[PDB]
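Note that these values count all heavy atoms, side chains included, but never hydrogens, waters or copies made by symmetry. All chains are named by letter (A, B, ...) in the order of the sequence lines, taking the proteins before the strands, and each is independently numbered beginning at 1.
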Amino acid sequence: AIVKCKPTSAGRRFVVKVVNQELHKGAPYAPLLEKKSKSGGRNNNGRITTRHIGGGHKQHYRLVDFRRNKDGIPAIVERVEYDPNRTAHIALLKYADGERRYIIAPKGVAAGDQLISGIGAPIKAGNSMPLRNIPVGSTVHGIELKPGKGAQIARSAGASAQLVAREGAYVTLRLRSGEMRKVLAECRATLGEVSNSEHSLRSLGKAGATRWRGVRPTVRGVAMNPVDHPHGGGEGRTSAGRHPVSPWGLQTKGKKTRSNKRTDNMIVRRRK
Amino acid sequence: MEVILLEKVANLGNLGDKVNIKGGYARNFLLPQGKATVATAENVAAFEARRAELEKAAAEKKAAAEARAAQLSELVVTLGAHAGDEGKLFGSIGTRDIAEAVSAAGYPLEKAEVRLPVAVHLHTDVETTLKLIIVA
Amino acid sequence: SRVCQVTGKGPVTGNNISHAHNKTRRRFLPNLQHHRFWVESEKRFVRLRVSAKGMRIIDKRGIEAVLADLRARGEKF
RNA sequence: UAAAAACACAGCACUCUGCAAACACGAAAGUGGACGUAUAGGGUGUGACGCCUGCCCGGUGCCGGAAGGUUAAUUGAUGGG
RNA sequence: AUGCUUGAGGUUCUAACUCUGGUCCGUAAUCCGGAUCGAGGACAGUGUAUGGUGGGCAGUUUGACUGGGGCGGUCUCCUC
Ligand SMILES: [Mg+2]
Ligand SMILES: [Mg+2]
Ligand SMILES: [Mg+2]
Ligand SMILES: [Mg+2]
Ligand SMILES: [Mg+2]
Ligand SMILES: [Mg+2]
Ligand SMILES: [Mg+2]
Ligand SMILES: [Mg+2]
Ligand SMILES: [Mg+2]
Ligand SMILES: [Mg+2]
Ligand SMILES: [Mg+2]
């Protein structure tokens, strides 16, 4: 489902698109939609605070059910949809009581599949259960950190985590970052991989496609004047002239920035 | 912080001794819950005016503790909740809902010190090694 | 604001002075912490924002005498 | 008075970031990042594509280590008044 | 050495403290506060004191002579 475009024009050369024909061709589920107005990555104060954000497409937010807390009641997937809010696909579960919900679609999940969450959920790659009921060695996604807070960890397209160890009240997961982390065994997770794993194979072909996604251009620091950037200045084209730093002076080649002593006990082994 | 005790504590409890403790031991544990009281040069004066009527009560509550701890030391009360395995159930096998299980066959047995990190604790010198069996 | 509810301690100003005696305006803030104080006569926990000196005053005077002063001072807890 | 060979760009790479994320604006509360969660987000450099990208870690930076040396507030032995 | 004043690491516990976790209430409410459960936990965090780092930012300095200035030389003392 990776399609390379023919070079019928400049800007179409090097366009590689993910075209999923199994996605829903109609409208999303209206009761689960919600207004989502854009910021230009701008603050409470009206200040930017996050550069390169602006001018994408209008998007409805989809109310994705991250706390799959309808334990016991089975569901039918019955649809997989496109979500503009995330790189993963979403599936519209229809529960046995008729309630409809949106969840992150797992890898092999198609319309008509049966998903269930709870303690006694069968071990198949769409189901959700607390991490203590997940056998060691399973591949999981959408892992809670706080019981009841909802899925937080493995959520983007193709994301997954590996359950490597299980102590008393904690479970050790291997994140796709390579970090070994401790998670409460009471926290819920969904078995399997997240869908749309081929999303990384796509290539935008042109400057416009990045603008379609709401990303404004990045200007290099060496292209500026010294008043704007630490890398600015120089007659002719020059390098940074100093150890590379952010526009606010923080070194950006190495120079670890993690300063969270509160959560340090949850990190077994650290990788990024 | 000089305080005098009301109940006896495990390490330094003489029930009325002049005990010097860290300010955080009181003000956060003893005074709020009630296990001691600051010596204000008159609380010690009023402690003797109440010690005679309180230590007899302290024994009486202690006496009822062993009586209740030994009366219900032979129960094999079993829950009727749905379970998946003997130790791995669909619910939670912990000291969160067993109050009605033991209350239906004797004393209410309010759960405040039923330790399970089934030795139920009820006083400093009184403790019972109750054994719970669950069918699954 | 950064004012102790018991003692009325608030931010005060002053100078940072370097070894070369360059003076920089600075502030001195009270050691304010949030603390819940048990009130037996109300059977309630009262959460106050006090300096560490204000907590010592409550140790010396009691929460009841301190809270009565708080009521007479007007501002409520 | 400069439209360019400048800037951007798709693509590339390095690095940071486990979520109360890094980072940014804010004495702060809070807010953006993001109602996103490492196929994500930030910063840096390079600049479609094709063939490639060699040697140097001495200097400076960054990362890791902690045996030794040195080293703050603090404490106050001892001596001298 | 039974026992005794008190330093420094580690491990537990909960009761301070924290939660941008659940539930209930104020309440017609994603704020807030209270209750409660859960999770951390004397850590984190904040005040104050202190060492490091710190062009991110600030205030400034960066001589004179001189066949223009700069570069070079010279700048005080002794002898011709
Ligand atoms: Mg870029
Ligand atoms: Mg650029
Ligand atoms: Mg320029
Ligand atoms: Mg600058
Ligand atoms: Mg040049
Ligand atoms: Mg022109
Ligand atoms: Mg360039
Ligand atoms: Mg500290
Ligand atoms: Mg300057
Ligand atoms: Mg001036
Ligand atoms: Mg001159």
Side-chain angles (χ1 to χ4, degrees), chain A residues 10-11 13-15 34 36 39 41-53 61 63-64 67 85-88 142 144-159 175-179 181 184 186 194 196-211 217-223 230-231 237 239-240 242-267 270 272, chain B residues 24-25 27-30 32-33 96 117, chain C residues 1-2 11 22 27-36 44-45 47 51-52:
Chain A
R13 185 175 256 131
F14 314 118
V15 167
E34 160 191 321
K36 204 191 64 60
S39 78
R42 260 119 171 126
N43 208 13
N44 230 14
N45 305 130
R47 301 285 184 75
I48 274 168
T49 77
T50 306
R51 307 177 311 163
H52 324 311
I53 302 186
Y61 180 71
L63 271 37
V64 170
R67 333 169 38 211
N85 302 290
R86 54 190 36 87
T87 57
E144 283 188 355
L145 290 181
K146 294 160 157 270
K149 166 93 152 286
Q152 269 191 298
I153 293 304
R155 293 165 29 153
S156 83
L175 307 184
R176 265 212 60 124
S177 97
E179 148 167 335
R181 201 213 155 74
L184 271 190
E186 210 213 306
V194 180
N196 208 25
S197 84
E198 76 194 344
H199 150 85
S200 52
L201 284 168
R202 71 104 200 270
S203 162
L204 326 182
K206 54 158 175 181
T210 288
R211 311 296 311 278
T218 304
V219 181
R220 295 135 49 232
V222 292
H231 298 178
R237 180 179 299 129
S239 202
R242 68 184 272 176
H243 304 304
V245 287
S246 67
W248 306 278
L250 157 82
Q251 210 277 118
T252 65
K253 299 287 179 181
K255 195 34 191 322
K256 293 160 156 120
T257 59
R258 175 194 171 76
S259 75
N260 211 277
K261 300 180 169 194
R262 169 185 44 101
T263 58
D264 272 353
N265 53 300
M266 293 303 153
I267 287 101
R270 178 145 175 82
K272 291 286 96 174
Chain B
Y25 208 178
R27 146 150 65 64
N28 291 325
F29 194 36
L30 302 191
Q33 284 258 78
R96 289 303 312 160
Chain C
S1 33
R2 288 187 182 104
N22 313 109
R27 313 176 90 214
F28 289 93
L29 300 177
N31 191 8
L32 292 161
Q33 321 280 339
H34 288 281
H35 200 262
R36 282 171 327 128
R44 172 177 65 121
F45 265 114
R47 197 195 188 219
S51 43

Q.
Using heavy-atom distances to pick each residue's nearest nucleotide on RNA chain D, tell me which of A/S203 and A/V219 is more 5'.
A.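 The 5'-side residue here is A/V219.
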**Request:** Using heavy atoms to find the nearest nucleotide of RNA chain D for A/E179 and A/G208 separately, return the residue whose nucleotide is more 5′.
**Result:**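 First, find each residue's nearest nucleotide; the 5'-ward one identifies A/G208.
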[X] side-chain N/O to [N] phosphate OP1/OP2 under 4.0 Å:
{"X": "C/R47", "N": "E/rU18", "answer": "yes"}
{"X": "A/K206", "N": "D/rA48", "answer": "no"}
{"X": "A/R202", "N": "D/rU39", "answer": "no"}
{"X": "A/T257", "N": "D/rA21", "answer": "no"}
{"X": "A/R270", "N": "D/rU17", "answer": "yes"}
{"X": "A/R51", "N": "D/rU44", "answer": "yes"}
{"X": "A/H199", "N": "D/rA40", "answer": "yes"}

For C/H35, ring pair (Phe, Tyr, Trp, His ring centres under 6.0 Å) partners two or more places apart: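 With neighbours one apart ignored, the set is C/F37.
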Using a cut-off of 4.0 Å on non-hydrogen atoms, how would the nucleic acid contact of [X] be classed: base, sugar-phosphate, or nothing?
{"X": "A/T218", "value": "sugar-phosphate"}
{"X": "A/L184", "value": "sugar-phosphate"}
{"X": "A/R220", "value": "base"}
{"X": "A/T210", "value": "sugar-phosphate"}
{"X": "A/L175", "value": "base"}
{"X": "B/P32", "value": "nothing"}
{"X": "A/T263", "value": "sugar-phosphate"}
{"X": "A/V194", "value": "nothing"}
{"X": "A/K272", "value": "base"}
{"X": "B/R27", "value": "nothing"}
{"X": "A/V15", "value": "nothing"}

For the [atom1] atoms, the ones on [N] and on [M], what distance do you get once it is rounded to whole angstrom?
{"N": "E/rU20", "M": "E/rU48", "atom1": "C1'", "value": "28 Å"}
{"N": "E/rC31", "M": "D/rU31", "atom1": "P", "value": "10 Å"}
{"N": "D/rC23", "M": "E/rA35", "atom1": "P", "value": "35 Å"}
{"N": "E/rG45", "M": "D/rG36", "atom1": "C1'", "value": "27 Å"}
{"N": "D/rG43", "M": "D/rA27", "atom1": "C1'", "value": "27 Å"}
{"N": "E/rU5", "M": "E/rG10", "atom1": "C1'", "value": "23 Å"}
{"N": "E/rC24", "M": "E/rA49", "atom1": "P", "value": "47 Å"}
{"N": "D/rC63", "M": "D/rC57", "atom1": "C1'", "value": "13 Å"}

Check side chain to side chain contact (heavy atoms under 4.5 Å, CB included) between [X] and all other residues, then give those that pass, not counting sequence neighbours.
{"X": "A/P217", "value": "A/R211"}
{"X": "C/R44", "value": "C/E42, C/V46, C/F77"}
{"X": "A/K36", "value": "A/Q59, A/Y61, A/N85"}
{"X": "A/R13", "value": "A/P7"}

North (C3'-endo side) or south (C2'-endo side) for [N] via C1'-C2'-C3'-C4':
{"N": "D/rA27", "result": "south"}
{"N": "D/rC51", "result": "north"}
{"N": "E/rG45", "result": "north"}
{"N": "D/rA48", "result": "north"}
{"N": "D/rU37", "result": "south"}

Point to revise | Nucleotide nearest A/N45 (side chain, heavy atoms from C-beta), chosen from E/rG34, D/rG45, D/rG26 | key: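 Nearest listed nucleotide: D/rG26.
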Counting heavy atoms from C-beta on, name the nucleotide in D/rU44, D/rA48, D/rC9 closest to the side chain of A/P244.
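Of the candidates, D/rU44 comes closest.
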Going by the rule salt bridge (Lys or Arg N to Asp or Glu O under 4.0 Å), which residues pair with [X] if we only count those two or more places apart in sequence or in a different chain?
{"X": "A/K146", "result": "none"}
{"X": "A/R86", "result": "A/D83"}
{"X": "A/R258", "result": "A/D264"}

| Mapping C/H35 and A/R67 to their closest nucleotides on RNA chain E, which lands nearer the 5' end? |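 Final value for this comparison: C/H35.
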Handout entry: Upstream residue (5' side of RNA chain E) when A/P147 and C/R36 are each assigned their closest nucleotide
Key =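 Nearest nucleotide further toward 5': that of C/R36.
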- Do D/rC49 and D/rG36 meet the pairing test, Watson-Crick or G-U wobble with both distances under 3.5 Å?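 The answer is no: D/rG36 does not partner D/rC49.
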Provide, to the nearest angstrom, the distance between the [atom1] atom belonging to [X] and the [atom2] atom belonging to [N].
{"X": "A/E144", "N": "E/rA39", "atom1": "CD", "atom2": "P", "result": "14 Å"}
{"X": "A/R176", "N": "D/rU17", "atom1": "CZ", "atom2": "P", "result": "18 Å"}
{"X": "A/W248", "N": "D/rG42", "atom1": "CH2", "atom2": "P", "result": "11 Å"}

Would D/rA22 and D/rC23 pass the stacking test, six-membered ring centres less than 5.5 Å apart and planes less than 30 degrees?
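Per the 5.5 Å and 30° rule, D/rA22 stacks on D/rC23.
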Would you call E/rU30 and E/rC31 stacked when the test is ring centres under 5.5 Å and planes under 30°?
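Stacking between E/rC31 and E/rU30 is absent - centres under 5.5 Å, planes under 30° not both met.
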Exercise. Using the glycosidic torsion, which applies to D/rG11: syn (within 90° of 0) or anti (everything else)?
Worked result: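 The base of D/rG11 is oriented anti (glycosidic angle more than 90° from 0).
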Is E/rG55 in the syn range, within 90° of 0, or in the anti range?
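That one's syn.
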(Q) Any strand counts, and the cut-off is 3.5 Å on both contacts for Watson-Crick or G-U wobble. Which nucleotide pairs with D/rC9? (A)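 Because no pair has both required distances under 3.5 Å, D/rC9 counts as unpaired.
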Counterpart base for D/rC25, defined by Watson-Crick or G-U wobble contacts under 3.5 Å
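Answer to the pairing question: D/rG30, which forms a Watson-Crick or G-U pair with D/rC25.
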Secondary structure of RNA chain E per the Watson-Crick/G-U criterion (both distances under 3.5 Å; [ ] crossing, | other strand, . unpaired) is ................(((.((((((.....)))))))))......................(((.......))).....
Inter-residue atom distance A/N260.CG - A/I267.CD1, 0.5 Å rounding
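So the gap between those two atoms works out to 7.5 Å.
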Nucleotide by nucleotide, 5' to 3', does protein get under 4.0 Å of the base (B), only the sugar-phosphate (S), or neither (-) in [range], counting heavy atoms?
{"range": "nucleotides 55-61 of chain D", "value": "-----BS"}
{"range": "nucleotides 41-51 of chain E", "value": "S--SBBBSS--"}
{"range": "nucleotides 32-37 of chain D", "value": "BS-BSB"}

* Is the number of heavy atoms from other residues, nucleotides or ligands under 6.0 Å of A/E179 CD greater than 12? ->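 Counting neighbours around CD of A/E179, more than 12 heavy atoms of other residues, nucleotides or ligands fall under 6.0 Å, so yes.
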